[PDB]
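To keep things clear, I will list the structure first and then write my remarks on it.
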Amino acid sequence: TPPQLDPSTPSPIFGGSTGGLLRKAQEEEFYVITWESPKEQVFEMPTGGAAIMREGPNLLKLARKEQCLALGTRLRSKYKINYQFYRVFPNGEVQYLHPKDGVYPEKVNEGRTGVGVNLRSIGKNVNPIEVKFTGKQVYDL
Amino acid sequence: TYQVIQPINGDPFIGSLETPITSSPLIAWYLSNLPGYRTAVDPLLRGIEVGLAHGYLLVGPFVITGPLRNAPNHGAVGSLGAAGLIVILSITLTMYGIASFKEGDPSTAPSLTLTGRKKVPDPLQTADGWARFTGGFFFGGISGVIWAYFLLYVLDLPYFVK
Amino acid sequence: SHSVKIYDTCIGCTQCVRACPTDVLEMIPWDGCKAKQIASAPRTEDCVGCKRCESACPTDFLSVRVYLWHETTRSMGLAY
Amino acid sequence: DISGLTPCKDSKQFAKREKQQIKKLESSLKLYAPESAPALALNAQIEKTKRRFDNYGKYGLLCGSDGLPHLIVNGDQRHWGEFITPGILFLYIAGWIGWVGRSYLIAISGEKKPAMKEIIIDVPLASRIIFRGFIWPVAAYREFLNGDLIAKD
Amino acid sequence: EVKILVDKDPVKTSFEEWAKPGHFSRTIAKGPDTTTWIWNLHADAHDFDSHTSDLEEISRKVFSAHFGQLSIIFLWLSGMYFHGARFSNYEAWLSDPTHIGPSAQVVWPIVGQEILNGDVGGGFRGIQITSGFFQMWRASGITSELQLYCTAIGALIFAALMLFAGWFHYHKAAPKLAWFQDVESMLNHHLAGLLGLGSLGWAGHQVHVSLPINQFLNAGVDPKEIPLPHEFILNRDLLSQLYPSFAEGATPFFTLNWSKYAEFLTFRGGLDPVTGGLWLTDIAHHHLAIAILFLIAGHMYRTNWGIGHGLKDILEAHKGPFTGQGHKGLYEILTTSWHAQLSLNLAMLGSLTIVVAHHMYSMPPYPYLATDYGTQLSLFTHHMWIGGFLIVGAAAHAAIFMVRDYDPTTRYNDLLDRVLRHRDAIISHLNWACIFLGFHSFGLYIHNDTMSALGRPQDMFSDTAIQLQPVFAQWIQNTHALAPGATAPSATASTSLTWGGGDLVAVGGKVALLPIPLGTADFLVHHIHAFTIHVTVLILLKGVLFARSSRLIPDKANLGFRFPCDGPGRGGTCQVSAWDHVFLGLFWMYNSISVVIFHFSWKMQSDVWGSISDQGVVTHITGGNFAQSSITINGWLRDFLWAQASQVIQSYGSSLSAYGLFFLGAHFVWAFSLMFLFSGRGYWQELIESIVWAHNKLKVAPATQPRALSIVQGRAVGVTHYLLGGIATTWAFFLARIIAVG
Amino acid sequence: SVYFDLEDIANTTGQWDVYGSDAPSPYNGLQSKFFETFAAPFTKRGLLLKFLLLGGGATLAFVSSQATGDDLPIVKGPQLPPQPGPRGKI
Amino acid sequence: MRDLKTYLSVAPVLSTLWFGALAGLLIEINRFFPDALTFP
Ligand code: CLA
Ligand code: CLA
Ligand code: CLA
Ligand code: CLA
Ligand code: CLA
Ligand code: CLA
């Protein structure tokens, strides 16, 4: 799928907290989660407290990918809302992350290629001496 | 109604809050007028002021609580200890400056005010600026220690605690 | 970045993928099992190493293995 | 005697210990009426101490240079009552317990959910098994010859 | 409307669920596959809100469990009174309480254990007791062993009553959820009914049974010729001789001439010189005033008539510019969550127990309690430990409420939301405070130790050196000593002898109480206490505040309240649950309470307790060595731990020989706990794998597969054994020392 | 109403100078000239570190070597006859 | 009746009954044959 872009949509109503972004977002990266809600409603924040999600588009900036995914799974489970999130860099570069293919990763989908798949059982890994003085690991073979 | 505590700069997703301790006009003015936050002036003069304050304040504890406090030579010994502490602090400042800043790199200070207005970043966060700051700190601290000694044990002013 | 590997003892019940807290794993088509799907780890740079997938592994022994490797700011779960 | 020890009927330290114990017990007797119940209870303790020391003398125990009995374990035929006979009796009781446990574990192994008879014990089955430990040496030997003792994996 | 609401025969009484272990939970009821099941059955026995989601069903269960607990307590009290009546020297102790040691336990003559029946005096052999029951019985007016037997019988009857009530209210008449949520009625009845009427009845007993019998006892008349309590009600003439005001009847009460009752209702203060305890006439008046205060207090809330307050109305009207909506929403939280109420009540009860411990030593209420040092030390230590444990349980259940019952979508509260929005500032500030207090309290001890070891006593923090005087506490003491003259003119003496009124009370050649001096050493120990309290508060508050989520774990709530970890990821995530924080805070509570009781013991043995001769000279147990020795860690090691342990280590062959045995056993258990605390279950499961092979080789492998203890269970076992061993070590050492030398 | 701009990441992430002041120098010109003249040699960070470490070490050694018995008990030395050993050893 | 007999066969109840009987037996043996160091 062609990934969606990042508009200037509003943000949930929140009074502020000490659990938000720090200087790491200034110099390394931060994350942006966007969703759509049918009504204004209470939702617990992954950084502490409760915020009000507006009806229509919603955009929220967070410090970690894990926070974005936790909030997303909570939205999907409790409010039945589909979500997306992106990685934003200090130079304004935006990288689309999830859902990567347009389909959630727990559902099989064509066009995906396996990465890190070993065509053997876990008990067939070679002993360390066979990879000694080489830079390779036993599970990388 | 009327709430006092607000999100920092109106942004609820920055990890801070606006409280009377942090955002009252009196404390804001006081912090803005300290030498550590005077962005548009030579860091050497700011370091001079900082050292003059700190070396002056350091004299008392060494002179009064030291091992030789009951000796007739207590004032000079305590002043020497305060000067040694100032020397150690200057060494630490030089170490931090060398480790943190490269000569060619620009400043790491923010370039925006709270209102979003562009400003010149503080030259104190550069190698040359920090070097000037620590040199001024050393010169001010030694002078402050000497001034405290001169006021306490050369003129012998009737200070209650000496 | 930690290392996450998948072995062909997979039965494709998708338990690891929905236990991932950082969306590292996903399901891809296959033909080696009745479910016709196997797990993959294309985003191990977001791996934190909590090993939640192995707790959800029904196979004996584990079909998904996590090896703790070089540490980054993402792998240590740092928000500052 | 053995290892330089003297019999407790001869050693003077043993008698001195007996005298001092009785003297310690008799000092608290002074604080009570001669007819009171505490006076009757300390007298029973005095008789118990006298009987204990007389028995230790009669059994033929060896005492060191401290007046205390010392056990001889090496296998001397005149000291079997200190380790050998009690050890045989212990080994008979412990084997009894182990064999009754093993038979009960075997008896419930072939059931639908045999873990329920391990938290809720089938008391009649245990009553059946319990008295088979009286002949535990014979059965334990006999499953050694046939091969029903050790699982050959 | 407030009315009785019950349900008839909700649960059938049968033995069928007794034969099915684990019936209360879905998972456990299926039977065991491994040994873990056996533990899981006992850990989830009383976790009622995990058995069912019905609030009414949970509430009925707790209501019946309280009746069961009350029955157990009544059985315990009946046993205590029966042992006082049947196996004690109480009647001999009554005639000579200064020379006879209380004893209510006698051991059997088996395997030589009869040495524990020591000479407690009065022609009696037994075990000396430190519960203080003898002094309470003397205060109540109990004079013969027959009245203790009747009390034991009554307590047995009451225990049967509570057990029957629990069965009846779980199986026959189970109250509805609306009945439990009638909080206004409950508060009114507990304030006016329970407390007010109870104190009024006790005041009546004191002015009718306690005051006359104790007046006879303090006059020096034989206990066996004192008139019986009912004789003071039958012919009022006997009561009109000790106090002629009783001749007036209740006319002064109704005509508002209360000063006519000044004979037996007083405001004195101080202690009774014959007794060494508070004046009984003071205590009766205290209870009579408390009764009126609580009876008026229990009329504040509105139940069925218009008058009264609404708790929700009061809560919703308290809000400000800094706290938003304020306390609105707290009524819904506290009427639908058992865990929040448990947390609040545990905190308040634990705090009140410590206050009781502090007040009972400074104002001994019972006769001949002050000069019985073993009882005083035991009561103080016991109540301190109880308070600390209850306080820790408060944090545990607050964390449980946060994990389970917190729901901002339906039960929002502004105060709790705002607390959760700046928890970083709270925790960082408490961290800084803990570090500052630790430095400026303990590092002074290290400074003193190093100066003493370097031959520089003049550079230490001591009364003969650099001084640190507790001037604020000294000023408070001086203010309280001057109260009878300016600020409490109707009072004759100060509320305590320790304030500094320059008088000492001696009973039987023994010092009861005297002005307690405060100096540099006290300044040191008090800040040591504050530091440990702050660290415990930090550990518990960090667990409560960060239970739902943190920057490391955004979704910590889904993992539950009691989980081991979230894997070795993010550098390592061990002990992140709120349960672990309680597990860690138990150690610091233990440390704090141990330091407090050590301080109390040393100070009392050095500056208060002692002996007095017929010359006017006072000689304390350790001779005032606290001021100059308690300022170094070496001083605590040498003059307190080494010097005062000389009793328990030479108690073999005496009646105190059971305390040395318990000393060694407590040391052993404390050391044993370190195996569980320092290791992990992965090693033990692998070790068990080899033993299972040996069992399978001989066909003796059990069907219930042996499992190593869970990660959380090992921590619980380690901390339980650690606490038991530590507390028992001090129990044995304190009891031996204070019985031998006290 | 929005606090997310891709063209302004500094504003979005809160890269603000809260208490920084852009006001001119509040110091007097003559005093600043004096301090600039007499503190210039100490503004070389490479020279300052070496000078501070080496000169401080030399000064510490010199002061320790010039201490008298009045200042330090270790310099004064023992003044009392020595105590004997537990069993006559010296 | 059957259910109560099943409950009395549970591990803790049987354990306390068995160890109580054992303790009583050992206590009575020590009461009538005290201070035994050897086996005559
Ligand atoms: C049927 C009972 C039974 C039997 C026959 C054995 C037999 C054996 N155990 Mg063993 N064990 C048992 C129960 C039993 N165990 C239990 C209940 C535990 C848990 C506490 C253990 C824990 C254990 C360990 C940790 C080790 C052994 C070892 C051994 C072997 C060496 C002997 C030894 O060290 O004994 C020592 C035995 C014990 C410490 C436990 C005894 C517990 C009681 C006495 C048994 C009670 C059984 C049951 C309640 C009664 C059945 C009643 C029934 C009729 C209803 C031997 C094969 C050792 C081994 O593998 O080395 C070769 C070893 O290291 N056992
Ligand atoms: C918390 C309450 C409490 C406590 C701690 C005690 C503690 C004690 N009481 Mg006591 N008591 C209490 C309440 C209490 N009592 C009450 C409420 C009453 C009034 C009814 C009494 C009446 C009472 C009397 C009359 C006596 C004691 C005695 C004793 C002492 C010895 C008890 C003993 O050996 O048990 C005896 C042993 C048992 C009861 C066995 C335990 C039973 C359990 C269930 C295991 C069963 C296994 C069984 C023994 C094995 C055989 C079974 C069979 C099928 C083969 C002990 C210090 C005795 C004492 O001090 O002597 C000087 C004594 O004579 N008590
Ligand atoms: C008259 C006998 C009787 C009978 C047949 C039942 C039967 C039943 N009750 Mg019931 N109950 C009774 C009396 C009885 N109860 C009384 C008197 C009370 C008041 C306390 C209760 C309070 C009560 C509650 C609150 C609940 C039940 C429940 C149940 C059901 C399952 C309980 C179970 O498995 O028990 C087996 C459990 C035990 C035998 C444990 C008894 C432990 C005692 C009470 C405490 C003594 C511990 C003491 C501290 C020991 C210290 C020494 C130790 C260190 C060794 C079952 C229908 C439960 C239910 O409905 O299930 C959903 C439930 O929630 N009952
Ligand atoms: C004046 C009335 C009155 C009194 C005296 C009490 C007293 C008590 N209530 Mg209570 N309660 C009342 C009214 C009253 N309640 C009302 C109106 C409600 C409904 C709003 C409740 C709801 C309630 C709950 C939900 C709980 C209590 C509990 C308790 C006990 C707390 C433990 C304690 O302090 O031990 C003190 C112990 C004593 C003083 C020993 C004597 C026992 C007393 C005399 C029995 C009380 C009888 C009762 C008032 C009426 C009996 C009914 C009648 C048909 C026989 C205590 C016995 C708790 C408890 O432990 O439950 C068992 C508990 O969980 N109460
Ligand atoms: C009135 C007070 C009170 C009440 C009603 C509860 C009630 C509860 N607590 Mg709680 N708690 C309390 C006080 C209280 N606690 C205190 C004071 C602390 C601090 C120590 C705690 C710490 C605590 C933790 C950390 C946890 C609970 C949990 C629970 C719940 C499950 C309890 C359970 O199944 O235990 C079953 C009972 C046992 C397994 C018995 C344990 C036996 C102990 C460890 C031995 C004590 C040593 C003993 C005194 C010495 C004996 C010597 C020996 C040789 C015989 C339940 C709602 C748990 C939960 O999940 O809550 C939802 C949980 O994780 N509580
Ligand atoms: C005696 C052993 C010991 C010591 C000294 C400490 C020390 C500390 N623990 Mg602790 N802890 C211990 C055992 C110990 N723990 C054990 C056994 C457990 C398991 C239950 C814990 C569990 C535990 C928890 C759960 C927590 C602590 C916390 C703390 C800190 C409290 C703040 C403080 O007082 O800082 C002051 C520092 C000290 C008192 C240390 C002594 C320093 C003195 C003054 C000498 C220093 C001189 C100088 C610096 C030396 C420099 C010389 C140079 C050559 C290096 C502190 C670092 C808390 C924390 O981090 O809060 C901030 C906290 O949350 N601990």
Side-chain angles (χ1 to χ4, degrees), chain E residues 2 4 39 41-50 58-59 62-70 72-83 85-87 104-108 126-127 149 152-153 155-156 158-159 161-162 165-166 168-169 173 175 179-198 298 303 338-339 342 345-346 349-350 386 388-397 399-401 403-404 560-562 577-583 585-586 589 669 712 716-717 719-721 723-724 728, chain G residues 13 16-25:
Chain E
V2 174
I4 301 148
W39 309 113
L41 167 79
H42 300 80
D44 304 328
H46 300 152
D47 194 13
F48 294 158
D49 35 11
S50 101
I58 291 146
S59 310
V62 2
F63 193 40
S64 285
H66 297 177
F67 278 117
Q69 166 70 287
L70 282 178
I72 281 181
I73 288 171
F74 271 118
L75 239 190
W76 168 75
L77 270 171
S78 150
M80 297 292 113
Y81 278 89
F82 186 92
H83 277 252
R86 228 67 167 182
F87 303 104
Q105 192 184 329
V106 180
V107 316
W108 280 321
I127 280 189
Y149 196 72
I153 299 314
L156 259 180
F158 260 87
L161 287 194
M162 323 300 320
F168 172 84
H169 281 305
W179 186 88
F180 292 94
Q181 283 168 329
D182 271 43
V183 288
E184 277 98 336
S185 197
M186 193 158 345
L187 277 157
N188 274 8
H189 286 84
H190 287 177
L191 289 162
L194 179 65
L195 296 163
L197 290 184
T303 74
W338 278 106
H339 284 291
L342 188 44
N345 299 3
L346 275 168
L349 202 57
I386 297 297
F389 271 103
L390 298 185
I391 276 152
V392 164
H397 286 282
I400 299 166
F401 159 83
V403 165
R404 294 176 175 181
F561 155 75
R562 171 171 87 223
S577 50
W579 186 95
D580 296 305
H581 288 64
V582 183
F583 149 77
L586 266 165
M589 185 275 313
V669 174
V712 169
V717 176
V719 68
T720 304
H721 289 59
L723 286 151
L724 172 70
Chain G
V13 172
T16 166
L17 289 195
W18 190 255
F19 290 130
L22 190 59
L25 186 65

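Naming: A, B, ... by sequence-line order, numbering from 1 per chain. All heavy atoms count here, side chains included; hydrogens, waters and symmetry mates do not. Order of appearance sets the numbers: ligands from 1, and atoms from 1 within every ligand.
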task = Starting from atom 44 (C) of ligand 2, locate the nearest protein heavy atom and write down its residue, its atom name and how far away it is, to 0.1 Å.
result = G/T16 OG1, 5.0 Å
inquiry  = Under 4.0 Å from atom 42 (C) of ligand 5, is there at least one protein heavy atom?
reply    = no
request  = Considering the heavy atoms of E/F389, write down every atom of ligand 5 situated less than 4.0 Å from one of them.
outcome  = 17 (C), 19 (C)
message = When you compare ligand 5 with E/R404, is there at least one nitrogen or oxygen pair between them that comes in under 3.5 angstrom?
response = no
ask   = Is the closest protein non-hydrogen atom to atom 32 (C) of ligand 2 under 4.0 Å?
value = no
inquiry  = Any protein heavy atom at under 4.0 Å, with atom 51 (C) of ligand 4 as the reference point?
reply    = no
inquiry  = Return the closest protein heavy atom for atom 15 (N) of ligand 5 as residue, atom name and distance.
reply    = E/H397 NE2, 3.1 Å
message = Give the atom numbers and elements of ligand 2 that come within less than 4.0 Å of a heavy atom of E/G79.
response = 12 (C), 13 (C), 16 (C), 17 (C)
query = ligand 4 and E/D182, any nitrogen or oxygen pair closer than 3.5 angstrom?
reply = no
Ligand 2 contact by E/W108, heavy-atom criterion under 4.0 angstrom = yes
task = Please indicate, with yes or no, if any protein heavy atom is found under 4.0 Å from atom 59 (C) of ligand 5?
result = yes
query = With a 4.0 Å heavy-atom cut-off (strictly under), which part of E/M80 contacts ligand 2: side chain, backbone, both or neither?
reply = neither
remark   = Counting heavy atoms under 4.0 Å, the part of E/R562 that contacts ligand 5 is side chain
key: Heavy-atom nearest neighbour in the protein, as seen from atom 21 (C) of ligand 5, with distance rounded to 0.1 Å   = E/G393 CA, 3.9 Å
query = Going by the atom numbers of ligand 2, which of them fall below 4.0 Å from some non-hydrogen atom of G/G20?
reply = 47 (C), 50 (C)
request  = Might you check, step by step, whether the distance between atom 47 (C) of ligand 5 and some protein heavy atom is under 4.0 Å?
outcome  = no
ask   = Are E/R562 and E/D47 close enough for a salt bridge, meaning some N to O gap below 4.0 Å?
value = no
request  = Just jot down the ligand 4 atoms closer than 4.0 angstrom to any heavy atom of E/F67, in number order.
outcome  = 62 (C)
ask   = Is the shortest N/O to N/O distance between E/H83 and ligand 2 below 3.5 Å?
value = yes
task = Under 4.0 Å from a heavy atom of E/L75: give me the atoms of ligand 2 that qualify, with their elements.
result = 17 (C)
inquiry  = E/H397: which residues meet the ring pair (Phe, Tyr, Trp, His ring centres under 6.0 Å) condition with it, sequence neighbours left out?
reply    = E/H339
ask   = For atom 63 (C) of ligand 5, is the nearest protein heavy atom closer than 4.0 Å?
value = yes
task = Identify, by atom number and element, the atoms of ligand 2 in contact range of E/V106, meaning under 4.0 Å from any of its heavy atoms.
result = 62 (C)
Non-hydrogen protein atom less than 4.0 angstrom from atom 56 (C) of ligand 5 = yes
query = Of all the heavy atoms in E/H190, does at least one lie under 4.0 Å from an atom in ligand 4?
reply = yes
request  = Please check if a non-hydrogen protein atom sits closer than 4.0 Å to atom 39 (C) of ligand 5.
outcome  = yes
query = For E/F401, which residues count as a ring pair (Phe, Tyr, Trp, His ring centres under 6.0 Å) partner, sequence neighbours excluded?
reply = none
key: Test of proximity, E/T720 against ligand 5: N or O pairs below 3.5 Å   = no
ask   = Would you call G/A21 a ligand 2 contact, heavy-atom distance under 4.0 Å?
value = yes
Minimum heavy-atom distance E/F561-E/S577, with the two atoms named = O-CB, 3.5 Å
inquiry  = Residue-level breakdown please: for E/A43 versus ligand 5, do any non-hydrogen atoms fall below 4.0 Å on the side chain, on the backbone, on both, or on neither?
reply    = backbone
key: Close N or O approach (E/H339, ligand 5; < 3.5 Å)   = no
message = Strictly less than 4.0 Å: does any protein heavy-atom distance to atom 13 (C) of ligand 4 fall in that range?
response = yes
task = For atom 1 (C) of ligand 4, state whether the nearest protein heavy atom is under 4.0 Å away.
result = yes
query = Short check: is a protein heavy atom less than 4.0 Å from atom 18 (C) of ligand 5?
reply = yes
remark   = A student checking ligand 5 against E/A45 at a 4.0 Å heavy-atom cut-off should list atoms 34 (O)
key: E/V392 neighbourhood, listing ligand 5 atoms whose heavy-atom distance to it stays under 4.0 Å   = 19 (C)
task = Starting from atom 23 (C) of ligand 5, locate the nearest protein heavy atom and write down its residue, its atom name and how far away it is, to 0.1 Å.
result = E/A396 CB, 4.1 Å
query = Are E/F561 and ligand 5 in contact, using a heavy-atom cut-off of under 4.0 Å?
reply = yes
ask   = Under 3.5 Å, is there a donor-acceptor pair between the side chain of E/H169 and the main chain of E/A165?
value = no
ask   = For ligand 5, which atoms, with element, lie under 4.0 Å from some heavy atom of E/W579?
value = 25 (C), 64 (O)
Atom 36 (C) of ligand 5 touched by protein (heavy atom, under 4.0 Å) = yes
